[PDB]
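Before any comments, here is the structure.
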Amino acid sequence: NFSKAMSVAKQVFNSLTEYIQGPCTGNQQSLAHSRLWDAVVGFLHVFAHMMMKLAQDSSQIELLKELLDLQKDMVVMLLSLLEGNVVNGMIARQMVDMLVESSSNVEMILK
């Protein structure tokens, strides 16, 4: 059931990117005040341990494939929120906090 649930998550992430691409200040500002950061932290928590576990066995290589592009969809959304950002801007600062809170989780995809 993981494959079918993660496919839905890609569409939700893509839809959110559709709202903010072509920078829409109202939609970009609204997404920062919402609970999106909590969801991203939760996803990054799942992403770290699943990547290590799936790489152990070659039988789950196909499952790892949509695991990787789900990260790409989320990162594209994360990059879309930063379009037209200013130094010491609002949206950028919750991003710093969100990475800091999930520092242990994010410092596992890199390796």
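A note on labels: chains of the structure tokens are A, B, ... as shown, every chain counts residues from 1, and ligands are counted from 1 in their shown order.
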Polymer residues at most 12 Å from residue 48 in chain A, only C-alpha atoms, same-chain spacing of 4 or more positions, as a PyMOL selection string: chain A and resi 41-44+52-55+64+67-68+71+102-111
Determine, counting only C-alpha atoms, which protein, DNA and RNA residues have an atom within 9 Å of an atom of residue 17 in chain A; residues of the same chain fewer than 5 positions away are not included. Present the result as an mmCIF file with C-alpha atoms, in the first residue's frame.
```cif
data_model
loop_
_atom_site.group_PDB
_atom_site.id
_atom_site.type_symbol
_atom_site.label_atom_id
_atom_site.label_comp_id
_atom_site.auth_asym_id
_atom_site.auth_seq_id
_atom_site.Cartn_x
_atom_site.Cartn_y
_atom_site.Cartn_z
ATOM 1 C CA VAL A 12 -0.527 16.686 -3.843
ATOM 2 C CA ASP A 73 8.718 16.662 -6.016
ATOM 3 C CA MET A 74 8.998 18.003 -2.462
ATOM 4 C CA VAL A 76 10.760 21.462 -6.237
ATOM 5 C CA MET A 77 7.963 22.729 -3.990
ATOM 6 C CA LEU A 78 10.553 23.894 -1.452
ATOM 7 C CA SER A 80 9.197 27.214 -5.517
ATOM 8 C CA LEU A 81 8.442 28.840 -2.154
#
```
Non-local contacts of residue 37 in chain A (9 Å; only C-alpha atoms; under 5 positions in same chain excluded) as a list in words: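 Using only C-alpha atoms, the neighbours found are residues 31, 32, 42, 94, 95 and 98 of chain A.
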Selection near residue 66 in chain A, 9 Å with only C-alpha atoms, sequence-local residues under 3 positions removed, as number ranges by chain: A: 3, 6-7, 62-63, 69-71
Please produce an output containing C-alpha atoms for each residue in the selection, written as a short mmCIF file (atom, residue, chain, number, x, y, z; two decimals), in the first residue's frame.
```
data_model
loop_
_atom_site.label_atom_id
_atom_site.label_comp_id
_atom_site.auth_asym_id
_atom_site.auth_seq_id
_atom_site.Cartn_x
_atom_site.Cartn_y
_atom_site.Cartn_z
CA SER A 3 3.30 2.53 -3.61
CA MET A 6 3.13 7.73 -2.31
CA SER A 7 1.72 8.23 -5.81
CA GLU A 62 11.83 -0.60 -7.44
CA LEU A 63 10.19 0.71 -4.26
CA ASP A 69 11.28 11.15 -7.07
CA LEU A 70 8.89 11.92 -4.21
CA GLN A 71 11.82 13.78 -2.64
#
```
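Taking CA of residue 65 in chain A and CA of residue 47 in chain A as endpoints, the distance between them is 12.3 Å.
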Exercise: residue 85 in chain A partners within 12 Å, only C-alpha atoms, chain neighbours under 6 positions left out, as a ChimeraX atom specification: /A:23-25,28-29,79,91-93,95
Backbone-only DSSP, helix (DSSP H, G or I) members of chain A, as a PyMOL selection string: chain A and resi 2-20+25-33+36-56+58-81+90-101+103-106
